[PDB]
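>
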Amino acid sequence: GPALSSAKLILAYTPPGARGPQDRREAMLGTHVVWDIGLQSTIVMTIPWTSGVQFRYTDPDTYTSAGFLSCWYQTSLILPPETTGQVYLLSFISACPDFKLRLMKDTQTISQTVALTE
Amino acid sequence: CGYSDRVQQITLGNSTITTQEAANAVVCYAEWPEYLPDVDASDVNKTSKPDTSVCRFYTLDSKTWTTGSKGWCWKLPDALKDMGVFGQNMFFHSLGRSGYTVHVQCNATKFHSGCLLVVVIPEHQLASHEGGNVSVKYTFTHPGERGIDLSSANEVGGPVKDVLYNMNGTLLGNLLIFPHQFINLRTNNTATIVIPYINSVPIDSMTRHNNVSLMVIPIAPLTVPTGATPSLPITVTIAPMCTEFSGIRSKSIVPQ
Amino acid sequence: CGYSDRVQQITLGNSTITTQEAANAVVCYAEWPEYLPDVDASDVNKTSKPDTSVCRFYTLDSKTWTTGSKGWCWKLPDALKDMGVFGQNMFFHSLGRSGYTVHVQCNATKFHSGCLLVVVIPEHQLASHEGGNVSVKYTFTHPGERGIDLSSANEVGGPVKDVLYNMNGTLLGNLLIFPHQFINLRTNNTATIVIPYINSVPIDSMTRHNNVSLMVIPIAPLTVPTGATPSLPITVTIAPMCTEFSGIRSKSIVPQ
Amino acid sequence: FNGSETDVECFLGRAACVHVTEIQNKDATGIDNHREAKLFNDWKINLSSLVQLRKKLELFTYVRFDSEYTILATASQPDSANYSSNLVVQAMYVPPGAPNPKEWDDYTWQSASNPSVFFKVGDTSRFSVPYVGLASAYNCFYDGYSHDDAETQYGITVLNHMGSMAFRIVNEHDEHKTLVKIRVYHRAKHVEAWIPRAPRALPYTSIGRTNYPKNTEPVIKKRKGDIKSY
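Chains as they are written, first to last, in UniProt numbering: chain A, 450 to 567; chain B, 76 to 331; chain C, 76 to 331; chain D, 627 to 856.
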């Protein structure tokens, strides 16, 4: 966004096994992170891992105990005068050196079979 | 001076029980209830330590051993659900490490004849009243503070109430390789079992997983002298010792 | 390198605020928020220490400083009633010792002109809207998270909303012997006040007694450049530091 | 300077006229004038009457006294003529948390451990009541009621009560008229103050409740002309 713009954004993590918050209130009672907009642009937050049943379930289900991260406006975005539009955020992800990968699988992802040779 | 049994103040938090007759102790195995699952992660610790405020002696409701009685069964980490700061830590977090200390006491006069068997059974899977390829849907399993109450309280859809198969398919006199102690009214009136934590996963949800069933069952029937009441009370108290939880600086609110 | 203002991680429990512009600090008086009211009673201590888990930065709702705005007033130990583990310790116990750290932040761009006055007033007794031999019945005093909200929200039966007399009979520019700091949008955007505990009785109920009113008031009106929004936000965060409670191993449950 | 002129102890330690009153003694009942200001009087001490209408003490928040009530009693009925024949007056400092007399010939003038003095009319008597405070300082300016429970009265906050002065006459015989004026001067010793407080704008409208009076005139003064002075 612009240099002369400010905003407070609460972003909150809730651990796996907990129902995620419904508003800025319930997120603030969570492990709330502000790291506001107006003087600081790059916000990094580590995501601690917690062992469930000894590892993470890697079969396709839509269970809701995988972790939950979400963000809320703590205040309204203060745009610069005659801005007249939208500003955006950019979100990255990676793994800390604590990462671990244990067994290997077949990796279909498309139910793969092509035997085309030239 | 004379008899000097260990009846002094075991006061612990809000709990000041100190009711011990023949205060001999049988622990489950050679392992004591121990806190630390490991040393460290080579890091500064904010490890959840509720042993300052979880180690109370949470007693239960008293249950009346009549002559026509068969037994009582509580699922131990889920018996203390709707009660204490331990229950609110149980719903409040998810995963926890909980070693227990169970003190079953039976008031009995000198004139009452009978014997009891207390037994602590790890991972006691249940046998259904259907007895087929279906069991209880875990509504009838662990009522909490009320137990399964095997004594002539038969029902439909859930577990069986057969006491010889002890909801397990096993046999009654064969049950003693589990930790146990006999309450003989000639000798003692109470029993203590010291339960360390037991699970193949070091940290686990107690809302989902029933670690221990506790059974108190009359092997020999109670013969009161006639003209007295045909009923004796059983009081069971749980002191969760060296208890640990996982959800540090994480949990906000879940209501249920 | 260059400007190196104290903007590093003030992380504290669940709170990781670290939003400091010109991070200068004014404490109320020479006394810091200090835990110990005495040494001992020559006895072994189980003294209630919740500072491991009360010292979070409990923020508030944000409030919109318009041009037509007059002020906001929260009763500080009773603003945090329906929230946090601090509020549940407040109803859960009765008496508690609570020093506070209040960080009022106002988002403002470079182009906004105005000044604010934050002020911490100990034992701020209120003046009524009746203005006679009657005051508020302490329903309209401390709504909690919403404040008295002096900005053109007039009502009947409770306190007055007159800002020059600041519900006190005192005078606006005369108010500065209380601890205070001016938020000047030329210079700063935030303000911090460090509040030690203050009461003639060393330990006191915070459900009954309103220790501190916190006022943020615009002395100079906000003139935004035209074509911008005629509103600026005020965010206030409270970190109760060196906080103590009394009801050790005593309190079971009181619901309200 | 370390001179006791502008310090706190010299500031509040002056003696001021509080609680002018006027009593007499007539008979057991006699003529029907018994209850209001005759035959006895209770004050229920409160510096809220005429410490310049509560100003210098209201400038601070927390104080601690050590009071010296100097009771000046005089015979309003011509002492020059007579109406003073051994007119012994009885004062009495009823401490907080003790029952108050409501009759001249009542049991709690002579009861146990209630400090009562006797002096000639037209003479004085000097006291020193120590700091009788519930809190460690006198909460002159308090926010809070007494309970969320039964709740004693209201946020007048009479919980930090100072005392209750009682004045009466030990004499007899209705055939005549006498009248006695009693005027107590409080003086505070060893005054320790805390937490300075901004002064009031108006003279007050209530005791205990920090209410500012309605219908106000401008407490501050307009400029004589413009910002241009002289």
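For every residue, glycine included, the Cβ atom is placed at its ideal position computed from N, Cα and C.
Report yes if the CB atom of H199(B) is closer than 7 Å to the CB atom of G233(B), and no otherwise.
No, the Cβ-Cβ distance between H199(B) and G233(B) is not below 7 Å.
> Whole angstroms is fine: what's the gap from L673(D)'s alpha carbon to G219(C)'s?
The alpha-carbon atoms of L673(D) and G219(C) are separated by roughly 35 Å.
> Kindly indicate which residue of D113(B), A100(B), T267(B) and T304(B) has the alpha-carbon position closest to the one of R172(B).
The shortest C-alpha separation from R172(B) is found at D113(B).
> Counting only Cβ pairs nearer than 8 Å, list the residues of chain C close to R324(B).
Those are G88 and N89, listed as they occur along chain C.
> Cα-Cα, which of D279(B), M290(B) and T91(B) is closest to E319(B)?
The shortest Cα separation from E319(B) among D279(B), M290(B) and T91(B) belongs to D279(B).
> By how many angstroms is the C-alpha of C130(C) removed from the C-alpha of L478(A)?
For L478(A) and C130(C), the distance between alpha carbons rounds to 13 Å.
> Please list, in chain order, the chain C residues whose beta carbon lies closer than 8 Å to that of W484(A).
The contacting residues are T91, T93 and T94.
> Taking 7 Å as the CB-CB limit, is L478(A) close to chain B?
Yes, contact with chain B.
> Do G244(C) and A202(C) have their C-beta atoms closer together than 7 Å?
Going by C-beta atoms, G244(C) is nearer than 7 Å to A202(C).
> If I measure Cβ to Cβ from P725(D) and keep anything under 7 Å in the same chain, skipping five residues before and after, which residues do I get?
For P725(D), where only same-chain residues beyond five positions count, the Cβ hits under 7 Å are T734.
> Suppose the cutoff is 6 Å on Cβ atoms and the five residues either side in sequence are ignored; what does the same chain contact list for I196(C) look like?
Same-chain partners within the cutoff: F253 and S288.
> What does the Cβ neighbour count give for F186(B), buried or exposed, with the cut at 16 atoms within 10 Å?
It is exposed - the Cβ of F186(B) has fewer than 16 other Cβ atoms within 10 Å.
> Can a CB atom of chain C be found closer than 7 Å to the CB of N797(D)?
Taking Cβ atoms only, chain C never reaches closer than 7 Å to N797(D), which makes this a no.
> Once you ignore the five residues that flank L785(D) on each side, which residues in its own chain have a CB closer than 7 Å to its CB?
The residues are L760, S772 and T778.
> Taking the C-alpha atoms as reference points, what is the distance between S327(C) and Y272(B)?
Between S327(C) and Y272(B), the C-alpha separation is close to 28 Å.
> In chain F, which residues lie less than 9 Å from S500(A) when you measure between Cβ atoms?
Absent from the structure: chain F. Protein chains present are A, B, C and D.
> Which residue spans inside the segment 468–546 of chain A form an unbroken beta strand (DSSP E) run of at least 3?
Fully enclosed beta strand (DSSP E) runs of 3 or longer: 480–482 and 517–522.
> Just curious, the alpha helix (DSSP H) that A154(C) is in, first and last residue?
Run containing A154(C): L151 to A154, per the alpha helix (DSSP H) assignment.
> Look at the Cβ atom of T141(C), then the Cβ atom of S306(C), and state whether they are nearer than 7 Å.
Yes; because the gap between Cβ atoms is below 7 Å, this pair is in contact.
> Which chain C residues are close to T524(A), counting only those with a beta carbon under 7 Å from its beta carbon?
Residues of chain C passing the Cβ test: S137, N182, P308 and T310.
> Buried or exposed for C103(C), please, with buried defined as at least 16 other CB atoms from any protein chain shown within 10 angstroms of its CB.
That one is buried.
> Compare the C-beta of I527(A) against all C-beta atoms of chain C and say whether one is closer than 7 Å.
Yes, because at least one Cβ of chain C sits closer than 7 Å to the Cβ of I527(A).
> Can you round the beta-carbon distance between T282(B) and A100(B) to whole angstroms, since I take them to be within the 8 Å contact cut?
Going by Cβ atoms, the distance from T282(B) to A100(B) rounds to 30 Å, so no, they are not a contact pair.
> If we define contact as Cβ-Cβ less than 7 Å, is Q489(A) a contact residue for chain B?
It does not: the Cβ of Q489(A) has no partner Cβ on chain B nearer than 7 Å.
> Which residue marks the beginning of the beta strand (DSSP E) containing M165(B), and which one marks its end?
Here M165(B) belongs to no beta strand (DSSP E); instead the alpha helix (DSSP H) covers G159 to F167.
> In the DSSP assignment, find the beta strand (DSSP E) that holds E648(D) and state where it starts and stops.
Note, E648(D): beta strand (DSSP E), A642 to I649.
> Using the Cβ count rule (16 or more neighbours within 10 Å means buried), how would you classify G143(B)?
With fewer than 16 Cβ atoms within 10 Å of its Cβ, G143(B) is classed as exposed.
> Are the segment 693–708 of chain D and the segment 790–809 of chain D touching by the rule of at least three beta carbon pairs closer than 8 Å?
Yes: at least three Cβ pairs fall under 8 Å.
> Please classify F691(D) as buried or exposed, where buried requires at least 16 other C-beta atoms within 10 Å of its C-beta.
Its Cβ being crowded by 16 or more others within 10 Å, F691(D) is buried.
> Is it the case that the segment 789–805 of chain D contacts the segment 656–672 of chain D, given that we only count it when at least three CB pairs across the two stretches are under 8 Å?
Touching, yes.
> Per DSSP, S742(D) is paired with what?
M718(D).
> Taking the CB atoms as reference points, tell me whether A717(D) and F793(D) lie closer together than 7 Å.
Taking 7 Å as the Cβ cut-off, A717(D) and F793(D) qualify as a contacting pair.
> To the nearest angstrom, how far is it from the Cα of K138(B) to the Cα of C190(B)?
Cα to Cα, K138(B) sits roughly 16 Å from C190(B).
> Quick one: grab the DSSP three-state call for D279(C).
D279(C) falls in the strand class under three-state DSSP.
> Cα separation between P293(C) and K236(C)?
In a straight line, the C-alpha of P293(C) is about 15 Å away from that of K236(C).
> Start and end of the beta strand (DSSP E) containing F186(B)?
That residue, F186(B), is in no beta strand (DSSP E); it is neither H nor E in DSSP.
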